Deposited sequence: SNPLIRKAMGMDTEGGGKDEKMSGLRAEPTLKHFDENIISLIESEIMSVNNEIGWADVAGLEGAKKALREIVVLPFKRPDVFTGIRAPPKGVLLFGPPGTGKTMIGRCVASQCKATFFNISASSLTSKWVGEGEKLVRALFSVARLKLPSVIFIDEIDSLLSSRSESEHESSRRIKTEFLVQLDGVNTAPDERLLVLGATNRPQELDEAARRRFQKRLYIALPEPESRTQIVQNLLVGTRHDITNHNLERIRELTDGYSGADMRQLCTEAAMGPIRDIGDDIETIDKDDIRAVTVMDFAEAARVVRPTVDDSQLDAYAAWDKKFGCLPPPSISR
């Protein structure tokens, strides 16, 4: 707290639950997405590392839009991107703005860009940004565009706004225009899905074999990484449900290992959250608006 003065509660709200700083966390736990990984590195990381090189025609975009089905790790992708540029991270939802924090919001959208503005390099992550760019809602939704044109008005500032959306087909020309680059973050590849599962099972007693991984991969077509997590929780319930009344007395170590059937059954309960008709409406939007 210094050099600036809004309600001193706004500032705290930022230090407390927007402002974040994570060092040297690479891509860790973000599975797959090689395409997008490459691009973010080219368009944001490299530029933040060498602003002496990336000027003139080699300037980075000030606005990148990540879009795709929900539960594809978009918010963490942002956290890693920030971590590799050794940048101050600012995570914030547009719903937290247009509901949890209204009236106060417009004053906060301002203070956000001010803080960011002096923690350079800074990365501002706005989740569900399509709501923000579509009432006190309008008062805020305006201050926002104000704030974000300013970003396109300071030349040598290492300040990127990173916006994420599950509903890109919901952004008009003037909206999409604020985004030089537009990255499609899509559902886990088959091999990605099983890496997730392996992360999620660490610390849980299980007999999952590589041959099993393959069966799981086989019946988790269309699953997001969030579904995969749902899957694992449900699968882990198998042992739990085999008990009954010993439950309150049983040794946790005596709990049956998680097995492939656990997943096979789990899969029957936990189904993909994305309708095939949507994956197309994404691919269509992407090939006509995305940096493919």
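- The chain's deposited sequence has unresolved stretches at 1 to 28, 163 to 169, 328 to 334, with no C-alpha coordinates there.
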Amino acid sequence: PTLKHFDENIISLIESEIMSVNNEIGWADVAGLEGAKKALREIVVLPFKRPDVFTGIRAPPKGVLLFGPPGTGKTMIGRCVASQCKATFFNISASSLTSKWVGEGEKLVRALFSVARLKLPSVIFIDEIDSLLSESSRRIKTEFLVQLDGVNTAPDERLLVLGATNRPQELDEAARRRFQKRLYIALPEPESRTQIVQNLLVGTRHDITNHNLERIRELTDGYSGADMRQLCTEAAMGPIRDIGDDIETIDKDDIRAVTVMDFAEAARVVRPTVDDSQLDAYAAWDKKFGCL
From here on, numbers count along this sequence of modelled residues.
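- The stretch 135 to 143 shows the higher mean C-alpha B-factor when 135 to 143 is compared against 193 to 201 in the entry.
- Judged by mean Cα B factor in the deposited record, 150 to 158 ranks above the other of 150 to 158 and 71 to 79.
- Ranked within its chain, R182 lands in the lowest third, by CA B factor from the PDB record.
- When all modelled residues of the chain are sorted by CA temperature factor, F125 is found within the lowest third.
- Sort the chain's modelled residues by C-alpha temperature factor and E248 lands in the middle third, per the entry.
- Among all modelled residues in its chain, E42 ranks in the lowest third by Cα B-factor.
- Split the chain's modelled residues into thirds by C-alpha temperature factor. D29 is in the highest one.
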